[PDB]
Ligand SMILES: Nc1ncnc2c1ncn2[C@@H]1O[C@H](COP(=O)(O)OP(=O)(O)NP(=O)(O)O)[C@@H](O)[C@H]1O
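This document opens with one chain alone, in structure tokens, the form deposited without the named molecule.
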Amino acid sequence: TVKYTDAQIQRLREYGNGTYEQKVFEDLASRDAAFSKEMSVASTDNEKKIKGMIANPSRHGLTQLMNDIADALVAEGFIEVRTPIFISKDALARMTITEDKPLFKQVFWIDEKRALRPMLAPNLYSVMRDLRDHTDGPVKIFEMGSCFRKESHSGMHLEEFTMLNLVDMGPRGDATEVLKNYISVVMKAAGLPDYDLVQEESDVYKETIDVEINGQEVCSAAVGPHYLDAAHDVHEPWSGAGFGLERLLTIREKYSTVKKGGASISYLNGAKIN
């Protein structure tokens, strides 16, 4: 008739990758006793993976997820681009991310005119637009890299996160299905073949497609055009999708928090090192 405390659930989540909020116990002593033993099982499992990685080293799991998805997108006809982390204050204004907007509060500022990017759309707007001068068919590009948002104002757990942004500028009568095929290629290559797409009409985009793997947002897609296009010299429909890569890796490997599979000095491929 007692459950793990919130502090105990957190501590179990930081060290183990099982599920713990379901357990129930006769009294406080039995709960604390089973708490320490669940912590003991979590510590052994921790060392077992670290010794495994030390004995059989490999590419980082986040790196391997990026490579698995990226090679899939290239076979789909996408150019991989890399763009700087730094973006300009004018660049944030073209997204209507301005002082009066709440989203403005999450931005890390480098100086008075430059900032860390909170998303991949600014630079990808620039690149797809410039390639339009060099081709008449669809412009298909994508990037994977770190984006940065302050935690207090965005209410999410990672300040540095790796976004995957793919986009295909060009008109399509079948823009929806073509976009849904882009979602499939990513999710398949990511190892998450089952997912629920939330197709929805909108006033701002032509269409919007969220995706959920049992109740959790893992990608946000849309069919253009959008009112942000004209500020970027974009005057045609498009289709794009955005995936948080640490979140996908967390869900595929069933880690307890999102801070275990990505970039860290306390975790390494799900295991806690310190």
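Residue positions are given as counts along the sequence shown, with the first one as 1.
The same protein also exists as the form solved in complex with the named molecule; that form is not shown, yet it is the one meant from here on.
Are all three of 1, 25 and 35 close to the named molecule in the entry with it bound, meaning a heavy atom of each within 4.5 Å?
No residue of the spot touches the named molecule in the entry with it bound.
Though the named molecule is not shown, can you say which of 151, 130, 112, 136 has a heavy atom within 4.5 Å of it in the entry with it bound?
Only one option qualifies, and that one is 151.
Please tell me which of 73, 91, 163, 187 lies within 4.5 Å of the named molecule in the entry with it bound, judged by heavy atoms.
Of the listed residues, the single hit is 163.
Does any heavy atom of residue 218 come within 4.5 Å of a heavy atom of the named molecule in the entry with it bound?
Taking the distances in the entry with it bound, the answer for residue 218 is yes, it comes within 4.5 Å of the named molecule.
Going by a heavy atom distance of 4.5 Å, is residue 232 a contact of the named molecule in the entry with it bound?
Taking the distances in the entry with it bound, the answer for residue 232 is no, it never comes within 4.5 Å of the named molecule.
Would residue 156 count as touching the named molecule in the entry with it bound under a 4.5 Å heavy atom rule?
Flag for residue 156 set to yes.
Please tell me whether any heavy atom belonging to residue 237 falls inside 4.5 Å of a heavy atom of the named molecule, as the geometry stands in the entry with it bound.
Output for residue 237 is no: heavy atoms all beyond 4.5 Å of the named molecule.
Would you point out which of 240-248, 26-34, 44-52, 57-65 contains residues with a non-hydrogen atom within 4.5 Å of the named molecule in the entry with it bound?
Only one stretch qualifies here: 240-248.
Give, in sequence order, every residue of 1-32 that has a heavy atom within 4.5 Å of the named molecule in the entry with it bound, or say none if there are no such residues.
Contacts from 1-32: none.
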